[PDB]
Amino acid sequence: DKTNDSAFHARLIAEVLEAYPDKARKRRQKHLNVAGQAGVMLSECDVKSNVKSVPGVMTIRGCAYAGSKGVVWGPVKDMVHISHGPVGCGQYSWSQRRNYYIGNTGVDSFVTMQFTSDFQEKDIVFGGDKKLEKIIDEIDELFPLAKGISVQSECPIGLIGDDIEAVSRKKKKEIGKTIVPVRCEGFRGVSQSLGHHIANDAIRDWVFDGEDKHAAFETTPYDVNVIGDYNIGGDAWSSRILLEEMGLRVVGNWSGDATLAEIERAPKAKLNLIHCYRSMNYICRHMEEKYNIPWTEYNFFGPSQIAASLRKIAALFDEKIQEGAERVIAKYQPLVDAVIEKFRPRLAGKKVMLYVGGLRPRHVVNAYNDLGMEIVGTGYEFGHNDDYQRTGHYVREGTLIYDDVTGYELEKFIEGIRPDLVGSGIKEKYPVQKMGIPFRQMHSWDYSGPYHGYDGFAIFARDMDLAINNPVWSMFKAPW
């Protein structure tokens, strides 16, 4: 019946560490911890991060191709993204990330499609550059509205010494459309993270590194880019409406619903609003050095954070934008109040465990708190030390923390804690439901959303309620 949570979580860490052989145990012991004690820091999440996954342990991580093609590049709607290498990676990543966009797909946008070089054995032996050249021509003919092409390198490309940069230089001249070679082969790095850095540097080197090109663009003192909202279930649209209502102009949202033109213009803006710090702080740092554009972190999960974010951002401008913030916060109050009254009674006191990639494991916490729910465990697939640092702004002391958690560890922590909810990904969902524990996907939003912004908060609450407070759980135990 009774427990101490900090000490119970430390026990669960010790239990799982006993299952490993000594070599794997030494590597894993520094990835698991209980949050200690330290705007404001609630707690310290001291855990090692961003290193090799241990072999054979059933890590949840993806590769750099995921981080580059799947995450950063694939959402850019008016480019064709070539999954360069064999058929696999582009099939599995085809239309699985719900980075929404407006377009005619196949005609003026190319997101929910697989374009691949479909490497055969002749391509591994004799190289694939001659094939890429032919491919680019074929794209130019059959998808003429594509304003550009990216070459997303899968594992073999770098291993066989193909020169995709030569090809990209050559064909950009030949067809007059931007070509972006990305060295996001899965063997690089340890996770999706390096795919982000590589992809960001590819934007810098093959999009920003060029002419003119929008000297005609009229600017305002209120121009921003939203950097790192990939429009999951329309998240960036429900973020943008609030920023516009506050009086800002969104030059470009990177990279959900983004066109190449929007990205190309990012240097003309006054300020970068970075939501996903992890995937895109790299380009924001470049944009502060080269152009003198400052960046700021915000968060649009739940009414506390949205209010704090609108105010923080507006304080960077003037009186007029500050007044708009308050007007937006005031406008949406009846909605916030209605959501809280409907759903907080149904969710307050409930315990949540989380596991996501590089941002959401901290960023959603405050929205769960706005509904009275506590986060008892969280963790990142590919967070860096600076993501764990920031996690302490959100989680209380005694929260179980796990970096690049293993299937074994995560199953044992969920069995032990029996939270009321788990928020993680597709590969975690079904086992957890089988254990009699509600689960909501915190990557795809379980095919729902948006969760960002105020229109999002309603849907977020509806979804956590419908998963927890559902008749299916009472029917797990057969009546005999």
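A residue's number is simply how far along the shown sequence it sits, counting from 1.
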Between residue 38 and residue 39, how many residues of the deposited sequence have no coordinates in this entry: none, 1 to 3, 4 to 9, or 10 or more? 10 or more
Of 211-219 vs 345-353, the stretch with the larger average CA B-factor in the entry is 211-219
Would you tell me which stretch averages the higher CA B-factor in the PDB entry, 370-378 or 168-176? 168-176
Top residue by Cα temperature factor, when 384, 77, 290, 81 are compared in the entry: 290
Which of these, 257, 326, 201, 140, has its C-alpha atom at the highest B-factor, as the entry lists it? 140
Determine, from the deposited record, the chain-internal third of the Cα B-factor for residue 9: lowest, middle or highest. middle
Rank-wise, by C-alpha B-factor, drop residue 46 into the lowest, middle or highest third of its chain. highest
Could you place residue 309 in the lowest, middle or highest third of its chain by Cα temperature factor, using the values in the record? lowest
Please place residue 476 in the lowest, middle or highest third of its chain according to the CA B-factor in the PDB entry. lowest
Residue 120: which third of its chain by C-alpha temperature factor? highest
